[PDB]
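Below is one structure, written out as structure tokens; comments come after it.
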Amino acid sequence: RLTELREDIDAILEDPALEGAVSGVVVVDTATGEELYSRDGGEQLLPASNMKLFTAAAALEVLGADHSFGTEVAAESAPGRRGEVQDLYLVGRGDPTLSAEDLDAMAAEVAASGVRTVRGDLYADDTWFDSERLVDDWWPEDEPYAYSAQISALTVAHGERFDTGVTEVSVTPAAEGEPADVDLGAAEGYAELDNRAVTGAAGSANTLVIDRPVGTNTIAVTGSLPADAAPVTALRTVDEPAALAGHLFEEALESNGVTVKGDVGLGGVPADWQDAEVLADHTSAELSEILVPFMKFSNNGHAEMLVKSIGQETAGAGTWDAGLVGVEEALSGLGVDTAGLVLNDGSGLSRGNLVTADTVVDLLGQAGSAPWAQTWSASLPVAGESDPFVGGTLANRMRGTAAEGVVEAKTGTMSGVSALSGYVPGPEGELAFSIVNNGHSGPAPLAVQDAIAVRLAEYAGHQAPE
Ligand SMILES: *[B-](O)(O)[C@@H](C)NS(C)(=O)=O
Ligand SMILES: [Mg+2]
Ligand SMILES: [Mg+2]
């Protein structure tokens, strides 16, 4: 034993997929502190979504398991007799889990506090973070999509997954030759529609494109949708998230019995306002439980929002420059050697990132003994588990294997980058492992990742369900 593990993993790393790829592979037995397996442990590689490990362990350190985010709506005075306020300010403070149901409940409170007429304009105050929406090196072709959604203090989160800065577009088909019905979701009335899509014949080619062209707030829909096709739904981003949350809170007040007389725009509570009257407040879930949808489904928006939030705790600045340092700081303070690291964002979306595998293993050992260990461990995706909120990105992976409901790891994935790091808690020692793969030519070496992980599940003393 022990040497067998070497041959097994050595052989797994011979696949034709590893033509001209660099692969960092580090396995350590937490209990003994034994270096089970190490190959290119110090080599510097792009982590992709394994950067979320760092951002998450750091959000814990800096923000606390119990940290919650609050939204506030302000006017310059309380409503009196006539139930009239002037300008109304929707003031967000870094809430990643902010639904339209919450804006309703805040619009409910605005009415019940006595406002009936917002005589001035309704304003969106997301000044809590900087107005820098996208990291330096993200791609303009990524912009339209949930993972490249803009970063704001005031964002509307969709679904129970809390996908920020996006509206769900719906394209139901109609009759052959007729244009299809496009439904812009929450951003109805905020975003432009450029519907050029047509309903095609029955069982015909599906070539439907839902896009938002760069630097525009226009949802340009193209292509064709069959008459028989299952109605389509897809997440697209808006320009200026808070301006949408503005528009949506607009609708809420109109609904809750409040006439709004002026325009909706971006704006920060003016400095001349002395003693503001806060008409509605809200409170998110505690971070620890926000970690779940964030880590399970690999939420980018959450990652960056948390960073910039980290930049507010330590520096008073909703800024990447501010939070990234703070992140690096916390991990250092966690017992982590930051020699190998290079941080250009929270999510791992930036190609400006670098990690080594020894560094990830380093992180994992440290975080494991942290007073926040178990909610961190929990937030991580679990192998082969049908439940999305438990499976995460490992739901359809390693099913019916020694790694099923066992391996707690996190995945990292983008063009020519693939990664798996985490815990294999076995009877023969809680294993922590990292596998980082860069610059492969053909398919994703997900098979080589699972293979390693399943074998490690077996070494730990597990066996495949039958
Ligand atoms: B992560 O889940 O690898 C994330 C960065 N992936 S991506 C490229 O935004 O889809
Ligand atoms: Mg609307
Ligand atoms: Mg088992």
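Quick note: numbers on chain A are straight from Swiss-Prot, i.e. 50-515, in order.
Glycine is treated like the rest: Cβ placed from N, Cα and C.
Here Swiss-Prot flags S98 as active site, acyl-ester intermediate. Neighbour count (other Cβ atoms within 10 Å of the Cβ, all protein chains): 26 for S98 (active site, acyl-ester intermediate). DSSP assigns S98 (active site, acyl-ester intermediate) to a helical segment in the three-state reduction.
Residues or ranges marked as active site, proton acceptor in Swiss-Prot: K101. The Cβ of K101 (active site, proton acceptor) lies under 8 Å from the Cβ of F343, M344, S347, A352, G395, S396, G397, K459, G461, each of which sits 6+ residues away along the same chain.
What Swiss-Prot lists as active site is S347. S347 (active site) has a Cβ environment of 23 other Cβ atoms inside 10 Å.
Taken from Swiss-Prot, the feature substrate binding site covers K459.
Residues or ranges marked as region 'Absent in class-A beta-lactamases' in Swiss-Prot: 146-319.
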Three-class DSSP assignment, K459 (substrate binding site), comes back as strand
Of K101, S347, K459, the recorded positions whose C-beta sits under 6 angstroms from any atom of ligand 1 are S347
